[PDB]
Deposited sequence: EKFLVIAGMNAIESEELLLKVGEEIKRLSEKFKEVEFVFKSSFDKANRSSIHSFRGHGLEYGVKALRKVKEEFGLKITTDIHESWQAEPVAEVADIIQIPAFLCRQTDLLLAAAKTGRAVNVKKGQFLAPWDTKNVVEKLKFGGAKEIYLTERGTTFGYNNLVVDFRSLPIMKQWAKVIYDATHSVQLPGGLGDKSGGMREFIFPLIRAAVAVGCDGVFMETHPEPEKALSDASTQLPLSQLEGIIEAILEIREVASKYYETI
């Protein structure tokens, strides 16, 4: 059954997070066949500017993600940045996310695999798809059983990303493949993304074949303290989920095996 990873890019506030957690609960009720997982970063450890929003800290974040899980019965995924953050995070996160810039930091991957939780690894903007076989190999060595590789775009010149859809079938050979619909259309350092392309590339993803879609959402995308240009309006989620399910239905029959 299809995996949908949704949430706010960052934990801007517990009030905002809970509101977003409500739409996902409602959505899981409407799409019984989809496996939903609530996502949110407790820290933007890689912002370009020292002036940008980062977060309220690990403690606060883990506590807020807990509220969402306890109040909505939703599984959780959040990203970690240094080794020591795995265990504490593993307390509430069902899936530990590894940032794209860190997909090669051996200790971080090992730390995460060691918690016993599932691990999703954002493919680096510098990584060739075949080069992800070693990422999985490390996680496996570290104890990881539920492994995920997430397509999030490849460096295409300066301040731009391209999604080479060949990566989906190649990566499926070693792990469940996920398509990150929001960061893939993001233009890095662009102000120091293009929301209109989010939906069309998602359809491409499911036509090609993947095991899940990752998409960030916000009640007021233009007021988002992070990834504003690319976060989707809460009201748009429903329509996109339906199209994924419909496109997957008629397409699955053609997904290449293995």
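Absent C-alpha positions map to the deposited sequence ranges 1, 194-197, in order along the chain.
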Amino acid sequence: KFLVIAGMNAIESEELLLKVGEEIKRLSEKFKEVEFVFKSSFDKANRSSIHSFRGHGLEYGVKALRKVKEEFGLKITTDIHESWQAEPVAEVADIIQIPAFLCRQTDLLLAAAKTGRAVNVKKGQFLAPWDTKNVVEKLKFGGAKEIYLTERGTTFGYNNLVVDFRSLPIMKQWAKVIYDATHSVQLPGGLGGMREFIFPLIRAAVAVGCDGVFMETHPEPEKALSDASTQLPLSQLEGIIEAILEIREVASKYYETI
From here on, numbers count along this sequence of modelled residues.
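The PDB entry reports B-factors from which the mean C-alpha value can be compared for 128-136 and 97-105; the larger average falls on 128-136.
Between 56-64 and 203-211, the higher mean Cα B-factor belongs to 56-64. Of all the options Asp164, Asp79, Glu91, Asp180, the entry's greatest CA B-factor is assigned to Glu91. The deposited CA B-factor of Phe38 belongs to the lowest third of values across its chain. Per the PDB record, residue ranking by Cα B-factor puts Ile247 in the lowest third of the chain. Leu187: CA B factor lies in the highest third for its chain, per the PDB record.
Ranked against the other modelled residues of its chain, the C-alpha B-factor of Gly153 as given in the entry falls in the lowest third. The entry lists a Cα temperature factor for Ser226 that places it in the highest third of the chain's modelled residues.
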